[PDB]
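Okay, so here's just one chain, in structure tokens, the form deposited in one PDB entry.
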């Protein structure tokens, strides 16, 4: 009856650490063996019409179950055979769920199932967990990819994603993508919306043992992650608790915004809570040139890629519902010590490319034989679980300056070239601080802040800081900008880090291409 009917074996979190440790001592298993021909040469239509059998779900036998799970068929870009096991947490005894065609319904699929018959080694691509009131529709957790996984809050819309690990995302060499190659699921308890799933990570450079304790709460999904990592080789770049999102069109430097969509992004900013208590808002970019930024920290308290613009009218996407897509908050649960938060921002021209990658990278160079243990909570939800207790950046608007706000000239372009920055703040003591006097403190790597203005914005009960950036140089070098609000010498806001790309000096001017002629009269 239960789908998991393989050889019984003892399993616990330490046996997996041993598996992973022992595995690190041998040669990497290498790239996956080709799939059976019937799957190797599949049209998307064909794959898509393969459907896991809902009545053979992982936990079909558990009464009052509030959670169930199904498996994705191997095929398409899923070339790694992920093995799946069921663990009775009472007896610490695991049984393998072997792939078999009986587990699936191949409908209008022209799949030669006969060549799948003895392929009990095929395993699956990954898995999804459903929660009540619907246990076979609208998954809330999905592990499917390499180390990749994602989840949803009460909107049920999937957005940014996370991975078990990142290796060499940005270096002299090509990036390496560790696979999760096996998952052990503790049988859910009747009534529970918490489930436990251990995973084995395997890769040319490194193995790991992972435990995921996953809480499908009413408003969000919380994941208690513990990992143990075993380097096989020297590693150039190790990325702990990595996130992957997309940013094409935002309120900032809008250079890829010729769609019907006012904004296009899965996430709009990096939030960092630093070990010293400082909060940072790093508005994400769609740079024309690939960028890596490393934010030095020690014992980071938290960091996330957030989607805080929840307004459909700002996106107009009735396919992907970007306004419903969630935020991801990484809460270190042990002291991670010295290192950097890496943000890679890749140039994109649409929404098909996850062009945003963020992770933690320990200070210390990774050498063959090094071992690591990280614990962290992930919160999949619209609003992060924590935010600055002070004035918070709500939005970072950028555009032409060189004029007076409200009086942008209609007949000529502006006299001088400048770039306008508008940073709206909403938050704590802004109201009580306002009479006492709010000074923005601005810091620029290059250029001069001019026409600094502080303006009340009734509709969001906040304050807008505008300044015009005037260049001092012919340099196209990135401009690292920094801003916070001050009041009687004390800071009253989070810090805003921005990365501006000044245009070429030949393009620091406007081309006025208008024509005012009696050539275009039309009668209807």
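The term rigid core refers to the most C-alpha atoms you can superpose between the two forms while keeping them within 1.5 Å. Numbering follows the first chain given and starts at 1.
Absent from the display: the form deposited in another entry. The rest refers to it.
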Core aligned, which of 35, 481, 69, 465 has the Cα that shifts 2 angstroms or more between the shown form and the other one?
35
My question is whether residue 106 is one of the residues whose C-alpha shifts by 2 Å or more between the shown form and the other one, given a fit on the rigid core.
yes
Tell me, please, whether between the shown form and the other one the C-alpha of residue 498 is shifted by 2 Å or more, with the rigid core used for superposition.
no
Superposing on the rigid core, do we see a C-alpha displacement of 2 Å or more at residue 45 between the shown form and the other one?
yes
In that other deposited form the CA atoms of residue 316 and residue 48, compared with here and shifted by at least 3 Å, lie closer
Cα separation of residue 44 and residue 148 in that other deposited form versus here, shift of 3 Å or more
closer
